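For clarity, chains are labelled A, B, C, D, E, F, G, H and I in written order, and residue numbers in each chain start from 1.
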Amino acid sequence: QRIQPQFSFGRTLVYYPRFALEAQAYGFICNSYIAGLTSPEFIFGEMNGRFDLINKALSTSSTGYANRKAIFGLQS
Amino acid sequence: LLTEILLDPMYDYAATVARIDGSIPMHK
Amino acid sequence: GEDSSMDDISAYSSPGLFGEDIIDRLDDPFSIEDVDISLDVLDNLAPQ
Amino acid sequence: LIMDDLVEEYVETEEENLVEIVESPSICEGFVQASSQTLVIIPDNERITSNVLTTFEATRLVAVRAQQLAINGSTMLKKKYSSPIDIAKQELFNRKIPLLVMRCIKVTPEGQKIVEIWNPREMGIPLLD
Amino acid sequence: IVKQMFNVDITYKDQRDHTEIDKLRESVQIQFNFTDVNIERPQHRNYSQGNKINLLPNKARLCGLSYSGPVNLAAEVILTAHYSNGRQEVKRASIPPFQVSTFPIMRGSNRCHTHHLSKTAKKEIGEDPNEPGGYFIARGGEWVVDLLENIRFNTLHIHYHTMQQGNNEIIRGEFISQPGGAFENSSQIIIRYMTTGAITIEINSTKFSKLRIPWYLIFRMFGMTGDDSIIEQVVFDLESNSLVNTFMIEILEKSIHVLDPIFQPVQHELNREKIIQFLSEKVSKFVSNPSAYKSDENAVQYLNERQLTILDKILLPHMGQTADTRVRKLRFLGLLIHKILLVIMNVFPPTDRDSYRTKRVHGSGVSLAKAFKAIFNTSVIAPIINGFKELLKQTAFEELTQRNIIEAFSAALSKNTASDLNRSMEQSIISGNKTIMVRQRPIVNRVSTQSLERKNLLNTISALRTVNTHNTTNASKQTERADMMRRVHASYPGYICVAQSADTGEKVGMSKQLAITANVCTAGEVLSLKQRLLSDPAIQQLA
Amino acid sequence: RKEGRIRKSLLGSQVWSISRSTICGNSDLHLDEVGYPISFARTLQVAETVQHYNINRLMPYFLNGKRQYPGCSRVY
Amino acid sequence: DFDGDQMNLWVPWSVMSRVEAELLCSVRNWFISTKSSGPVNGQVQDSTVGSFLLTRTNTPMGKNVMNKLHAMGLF
Amino acid sequence: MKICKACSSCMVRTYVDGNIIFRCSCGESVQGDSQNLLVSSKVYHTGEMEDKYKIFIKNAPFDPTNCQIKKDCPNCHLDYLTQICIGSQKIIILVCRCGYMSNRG
Amino acid sequence: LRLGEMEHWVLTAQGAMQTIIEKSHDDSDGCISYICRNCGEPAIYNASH
């Protein structure tokens, strides 16, 4: 799903108006990396960038509990 | 007593300005 | 009322989070408790 | 005096749902000693286990022979070698290893250990290479 | 903190009966206050008998010393002797400004010897000419007090009970109220909406702890015992029907008629005095006999007056700390209940736990203020308290002279302690741990600490610009919470660096960095703006 | 717990004769080969028993000692 | 990968362990993945594109050929 | 909600037996006729888009951060209007600082 | 330097032993224990004395 309006009621960022209908307000990045993202495009990209960093850290710990439980159930 | 003063930083400052003036030998 | 001699020293530390009083039994989803990896080689978990 | 570095606390929250008069004799109960077993060797024509050594069994044979060549020095290799590992490996490949593979399949409650004794010199040898 | 907040009024009841006046007397009121306190620049005894020559930071770092400035205190002690038949003998003593403590001094602050020294002097004194400072030198290591990210005070935080454990509760609203500037002690009130229909108000402060009161009981403690007035205070109007007022009115009725097990005797009571007595009995310590004291009218009066003073100082102190502000406190509490019940309607969503509008960053001054008030209490007041108790044990009360009083006051702060304010402040600086035991009590240290790893000046500056939320006891359980508080929030841009974060492990998103132009404000002149607002013709006051 | 007797001391162990270092690429090594620095090779040792078939081979190791590589400093 | 990873290395000294290590735990047995039943190893990065460049038909210069000296140098 | 005329206290309902008779803790009773028989009610998809956003709609033309569109206001003929989106129904409301409200909201 | 639970699991998956014996006993706290075989309790044995 697109970027949720978390800044305020109906706002995704301070750079966009409340209940903005442009796709850019909800994460649609128009530029490419070689062109250079703008300030709000970078913020939306960082929200996705951090959200991938969080998933990695969860992945190591979440699978660790499952791996140890699975090993002991099956090792014998 | 000396170990309390020799490690005191203002003694190094006082020493280094005496060396500049030449009041004390450059080495120790 | 105006005494502070046996003031409860816990209330001196003002609350930092919201639900500090709630004991929660779900384990932390970021702990390395069940992952037997050494502390020095924690760089092996780093991304790239 | 701020101590800090508390020893925490530990909590276990689960349940283990593990689903003629009598008095105290000392011989009817007890007996921590287990009854001595008798070895029943399955006849060579009734053996149903593989006639090819597993990589585990071949590795165990080579390791045991190499250790015994490290303590002893006697072998049947015409081609001499400088390492006990090589001597044991070639002894296995040339089918002159002085070891037997006992495969145990039973523990009968009557105190009966049923095994199949397999000769590595007559068995197939895995890859190991 | 030392003058306004550290006032002592403690009464002891001896059993010493070695003289006729000793038998006639079983009471003593110890009362004292400080009006003098100043931290001066660090000093060092060069040869254990010198005149405390100046201690420079490099001397502290090299020799493992602590770069701490001595604390000079002066106190006025009032000793009152209480006898039977109403007699009252008072002994007053004034203590010269004495010093047994040192407070750690942040390098670069106005009490640091390198505060205004020239860059060349810093160069030849052994210091970094270009570094800004902002760290502490304690036991051979440099420590940085980080920016502890704290929720906003005087703000109603409403969150649904989405913990999936102990779900006998529905939405909860907490309100930490601070009487004024950063250093005033805050009292936290918690409003809980329950499955049974009750609305319980719990106040957590010095004098109160984990005690849950029905809302109408707190309301009618201050008069206004009529249910009509309470419902009008919450819903603001009983005469405009609406759909929202109907729901709030019906659920407040349900809460009013709910029988709680603990406050049964005073639940139905319309007598203000009886409720005040019941709460004073339940919440005040040192009263073990619930029936013996009741037969004495003056004991009842003392308990009632003390409880009323406590409730004046503890319930919404930012609303006021005087009895004449109690009705407006009731109005504010009704407003809070109205906001919580509005949020229940799904009319408003819960407070964003990660939005930075409802978050504050407390650094060095505030965190050290809280740690210092706790440590000063434990390591100064209690020594003095026990010393004076033993002094009364040793010597007849009118027989105490002026010199003996000062001997017991100063000596009690000396023996077996001799540094413990400095040592405990150092321990708080070094640890920064979110669980410490002081005098065997599991409290939390709100001082965000970090060892000064001088990998480069960029590392040092980034460390001194770091915002930590610093998970406390009852940390993040396995839920969406551990993920959301690590995500880049939509309020971050411009204040919190959207990019800077740990890229590995538990610390991903846990430690935040100030943006390049972001700054942390100090407390402003609240009095001037409040006076201007009150003098504004466009604003109609509560009255 | 993880630091307890069972999970730390029974299900795992601290071992001797083990080395740890950063890894790096060497395109001139076979897939079944690892590049071991000589400092670590002289630290870790291999226990070879002395028999008739290997006494000639182990003599250069014994004669070198700590002075030259390949060598040895321990004899049982 | 080589971004700072550290890996343990211990050399067996016991004859039983040494016999075991080369016969049973050698990496040749882990070439085929137990998990997926397919190969684990192969060409990565520098050689996956290197194998394509070596085996492609036409280079931007022309036909992808080399004289004897450079064909020998490949070996 | 029934309040005691003398005690100013909330009165229980006490449906006994064929009628509704309110009772206070002071023992007073006031009974109830006709319009007191509504015990409980629930209306679905109601209480939304009227009472939740009335203040927000009223203040929207004055909010700098609200999105605006190029559309003529019928009343004051301003070239721009304030565009408002509320609810899971995504109801679009155009409001103006002159009080024009698009009759929706 | 530690051979934790996961290293033991991997060696067990490889069916190793011997290497597990070597590392966990010979290159670790490997001792030799005496049991009475009659009462099952640890017993005292010494060859020198």
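The rule is simple: contacts are C-beta pairs under 8 Å (C-beta built on N, C-alpha and C of every residue); 3 or more make two chains touch, one makes a residue touch a chain.
> Count how many hops through touching chains it takes, at the least, to reach subunit F starting from subunit B.
Steps on the shortest route: 3.
> If you tally contacting C-beta pairs, which comes out ahead, A-H or E-H? Let me know.
Answer to which pair has more contacts is E-H.
> Using the average of all C-alpha atoms in each chain as its centre, how far is it in Å between subunit A and subunit C?
Distance between chain centres: 25 Å.
> Let me have the rounded angstrom distance from the C-alpha centre of subunit C over to the C-alpha centre of subunit D, please.
Centre-to-centre distance between subunit C and subunit D: 49 Å.
> Distance from the CA centroid of subunit D to that of subunit F, rounded to the nearest Å?
Taking the mean C-alpha position of each chain, the two centres sit 28 Å apart.
> State, to the nearest whole Å, the distance from the C-alpha centre of subunit B to the C-alpha centre of subunit G.
Computed value for the inter-centroid distance: 64 Å.
> Among the residues of subunit G, pick out those that touch two or more other chains and give their numbers.
Residues 4-8, 10, 12-20, 24 of subunit G touch two or more partner chains.
> Send over the residues of subunit C in touch with two or more other chains.
In subunit C, residues 25, 27-36, 40-41, 43, 45-47 touch at least two other chains, as defined above.
> Multi-chain contacts only, two chains or more: what residues does subunit I have there?
1-5, 7, 15, 18, 23, 27
> Give the list of subunit F residues in touch with subunit C in this complex.
Spelled out, the residues of subunit F in touch with subunit C are 1-2, 7, 12, 20.
> Can you tell me which positions in subunit B touch subunit E when the two form their complex?
1, 4-5, 7-10, 12-13, 16
> Over in the complex, which subunit C residues touch subunit I? Could you list them?
Touch residues, subunit C against subunit I: 35-38.
> Which residues of subunit F touch subunit D once you look at their complex with the stated criterion?
By the definition above, subunit F touches subunit D via 1, 49, 51-54, 56-57.
> Please name which positions on subunit A make contact with subunit E in the complex.
5-7, 11-15, 39, 42-43, 46-47, 50-51, 53-54, 56-58, 60
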